[PDB]
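Here the structure is laid out as C-alpha coordinates; the discussion comes afterwards.
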Amino acid sequence: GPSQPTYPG
Amino acid sequence: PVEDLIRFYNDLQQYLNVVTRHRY
(Lines give C-alpha, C1' and ligand atoms only; values in the text may rest on other atoms or scores of the structure.)
Protein backbone atom coordinates (compact mmCIF):
# COMPACT_ATOMS: atom_id res chain seq x y z
CA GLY A 1 0.00 0.00 0.00
CA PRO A 2 0.99 3.71 0.17
CA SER A 3 3.90 4.65 2.47
CA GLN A 4 2.04 7.70 3.87
CA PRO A 5 -1.75 7.09 3.80
CA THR A 6 -3.76 10.31 4.34
CA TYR A 7 -6.00 10.49 7.45
CA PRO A 8 -8.89 12.69 8.75
CA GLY A 9 -8.50 15.23 11.59
CA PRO B 1 -5.16 15.09 -2.23
CA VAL B 2 -7.39 16.29 -5.08
CA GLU B 3 -6.62 14.24 -8.21
CA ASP B 4 -7.07 10.90 -6.42
CA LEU B 5 -10.07 12.44 -4.58
CA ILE B 6 -12.11 13.48 -7.65
CA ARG B 7 -10.88 10.37 -9.57
CA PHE B 8 -12.51 8.22 -6.86
CA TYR B 9 -15.73 10.27 -7.14
CA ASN B 10 -15.92 10.22 -10.99
CA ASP B 11 -15.33 6.43 -11.14
CA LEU B 12 -18.59 5.78 -9.25
CA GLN B 13 -20.45 8.85 -10.64
CA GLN B 14 -20.92 6.90 -13.89
CA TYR B 15 -22.54 4.02 -11.97
CA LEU B 16 -24.92 6.67 -10.52
CA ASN B 17 -25.68 8.56 -13.82
CA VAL B 18 -25.47 5.77 -16.43
CA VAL B 19 -27.07 2.94 -14.38
CA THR B 20 -29.76 5.17 -12.90
CA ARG B 21 -30.58 6.03 -16.56
CA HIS B 22 -32.22 2.58 -16.59
CA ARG B 23 -34.76 3.75 -13.91
CA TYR B 24 -32.31 2.62 -11.19
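In the C-alpha coordinates, chains take the letters A, B, ... in the order shown, each chain's residues start at 1, and ligands count up from 1 in the order shown.
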
Chain B residues near chain A (12 Å cut-off, only C-alpha atoms) as a list in words: residues 1, 2, 4 and 5 of chain B

Could you work out how far CA of residue 9 (chain B) lies from CA of residue 23 (chain B), giving the answer in Å with one decimal? 21.2 Å
